[PDB]
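Single chain ahead, by itself, as structure tokens, in the form deposited without the named molecule.
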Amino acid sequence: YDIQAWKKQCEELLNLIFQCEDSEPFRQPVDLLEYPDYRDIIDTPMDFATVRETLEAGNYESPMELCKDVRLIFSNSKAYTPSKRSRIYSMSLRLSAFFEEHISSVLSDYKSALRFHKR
């Protein structure tokens, strides 16, 4: 029932994501010089360095907020992909599966801890 435990759990999950080769297209903001129309399609760019920096600045109050930003990385990749002939989108799907598999217990433990706190 540790209400703060999610933060270090998210830091470790981000470390595993950065070592994963599938995170390569998502480690830094999408390069607007490489994709000049990117902002005509994507309203809110998001990437794993931004998520890590937001976490380390103490600007996430809960792991649900961090989740929303990580899922936005995958949603943006899905919206910007032209077709199946895209290594980036395929990497996004495997990385999303890995993320969801690992974040499930972080979310559950946090929500359980907060329910215990408010008992």
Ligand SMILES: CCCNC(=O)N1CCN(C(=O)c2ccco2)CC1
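One-based numbering along the sequence shown.
Note that the form deposited with the named molecule bound isn't included here; everything after this is about it.
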| query | Is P82 close enough to touch the named molecule in the deposited complex, meaning at least one heavy atom pair within 4.5 Å? | reply | yes
| request: Using a 4.5 Å heavy atom cut-off, state whether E11 contacts the named molecule in the deposited complex. | output: no
| Using heavy atoms and a 4.5 Å limit, would one call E100 a contact residue for the named molecule in the deposited complex? | no
| message | Against the named molecule in the deposited complex, would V30 count as a contact residue? Criterion: heavy atoms within 4.5 Å. | response | yes
| message | Suppose contact means any heavy atom within 4.5 Å; which members of 1 to 18 contact the named molecule in the deposited complex? | response | none
